[PDB]
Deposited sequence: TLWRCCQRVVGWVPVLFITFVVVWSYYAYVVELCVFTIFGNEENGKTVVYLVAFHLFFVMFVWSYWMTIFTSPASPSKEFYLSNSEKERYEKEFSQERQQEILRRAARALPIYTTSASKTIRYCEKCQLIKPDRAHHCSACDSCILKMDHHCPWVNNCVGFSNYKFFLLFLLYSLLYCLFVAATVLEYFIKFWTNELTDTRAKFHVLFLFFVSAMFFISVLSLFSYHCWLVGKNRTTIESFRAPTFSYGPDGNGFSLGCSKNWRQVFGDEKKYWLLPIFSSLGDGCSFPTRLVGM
């Protein structure tokens, strides 16, 4: 009955956890490292430079992170749904052959260039719609997601056509945020090991939390730089889409340069900003052939 409320709340636990670490990291770097440690030293130039630079990375990180969480994933348009007449004929029908004929007649009026592994029309039983190309159903979001990449638990949201560029920038600014911390706390991490009671706990934690997050998230970032240039989602990287000419891992590829511009766009000024600049509408995609 009330299982929805607890299920919905527990989904925010990874978000609140990450949010706490970021708030703690701000307190640790600004107060403990810059004010108590670096400003505990008589160097006002080094303290200000770090504080200014830190706020630039911290803003780009929180901005990208926020956008990846609250950008709702796009769903298929009204045209892909079975009308109340045709969905009755589909539910009334018992022969799979005639079921496929119902779906094929509506789908041929839609920009669909892919089929299932069994060359059947990609259809969603729960949503009662014909899945657009690259779209998949997520049982966590309980919906079909356009150009679905994966349901990322750390943002309590699906990473799809709307989220993807924000998700990528979130990864990018995560490495930069953590690398900058590790590179600047290192000079003082060496000193802390080789004596303030409170400052050491936060500075010691600061260096290897930033390092652990760097070495971990860096693997994912290199993974997606492959994916963007190949024009493949994570789902497609495990199951290549099947076109009219058979399976093709490169069926949506337009070349390395043009594949990136499908995600980041043609406006060069928006590439590094968590502002939506992805080409297309998510319900149809340019084909290689």
Checklist line | Missing C-alpha runs, given along the deposited sequence, first residue counted as 1 | finding: 195 to 197, 293 to 295
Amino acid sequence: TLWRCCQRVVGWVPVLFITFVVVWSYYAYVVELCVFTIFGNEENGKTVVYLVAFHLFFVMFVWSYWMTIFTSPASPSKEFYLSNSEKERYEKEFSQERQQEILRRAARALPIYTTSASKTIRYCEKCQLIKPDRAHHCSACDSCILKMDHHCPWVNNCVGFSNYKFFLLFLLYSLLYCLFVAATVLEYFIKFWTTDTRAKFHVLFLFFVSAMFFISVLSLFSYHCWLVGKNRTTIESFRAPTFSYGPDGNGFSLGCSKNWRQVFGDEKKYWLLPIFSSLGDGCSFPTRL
From here on, numbers count along this sequence of modelled residues.
Next item on the list: Between 122 to 130 and 86 to 94, name whichever shows the higher mean Cα B factor according to the PDB entry.
Entry: 86 to 94
Margin query: If you take the mean CA temperature factor per stretch, which one wins between 198 to 206 and 177 to 185?
Written below: 198 to 206
Check: Checking the entry, which one of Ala117, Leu146, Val155, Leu171 has the top C-alpha B factor?
Finding: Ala117
Margin query: Going by the CA temperature factor in the PDB record, which third of the chain does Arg232 belong to: lowest, middle or highest?
Written below: middle
Checklist line | B-factor third for the C-alpha atom of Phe238 within its chain | finding: highest
Next item on the list: Can you work out whether the C-alpha temperature factor of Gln99 puts it in the lowest, middle or highest third of the chain?
Entry: highest
Margin query: Quick check on the deposited entry: does the C-alpha B-factor of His224 sit in the lowest, middle or highest third of its chain?
Written below: middle
Item checked: Third of the chain, ranked by Cα B-factor, where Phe166 sits -> lowest
